[PDB]
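Form deposited in one PDB entry, single chain, as structure tokens, below.
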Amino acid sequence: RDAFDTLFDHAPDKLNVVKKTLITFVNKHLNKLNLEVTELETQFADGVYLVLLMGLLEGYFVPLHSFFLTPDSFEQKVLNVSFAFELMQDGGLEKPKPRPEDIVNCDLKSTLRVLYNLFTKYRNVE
């Protein structure tokens, strides 16, 4: 039980503050590739934006053969998320708490945790 469990159980009227702030953050970087997020609930589930964001935050071009740009199955989406998690750990982050499947399943708490830990680590990336 972390602060995200406390947030959803005890202060759920503050979720909008978290959402907005993480949206601004992801868009600051994703906008460099002409990409945009309006909705954290759905738009990270296929793993594509999460992979590209790692390239953006650690400062490398992610080769397209290393993932699924247009995932057509649940398993291909899982593999994208697993690959972004791998790149997070390559950057020094500890193993994400959620399963890759939780992200594909649009679990919002899981999506918030992943994005917040990027937010905290990469706060200073211009």
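Each residue number is its position in the shown sequence, starting from 1. For the two forms, the rigid core is made up of the largest set of C-alpha atoms that agree within 1.5 Å on superposition. Only residues modelled in both forms are compared.
One more form of this protein should be noted, the form deposited in another entry, which is absent from this view; the next part is about it.
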message: With both forms fitted on the core, check whether the Cα of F119 differs by 2 Å or more between the shown form and the other one.
response: no
query: Any chance the CA of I23 moves 2 angstroms or more between the shown form and the other one, core superposed?
result: no
message: Where the Cα shift reaches 2 Å or more for at least three residues in a row, which ranges qualify between the shown form and the other one on a rigid core fit?
response: 3-16
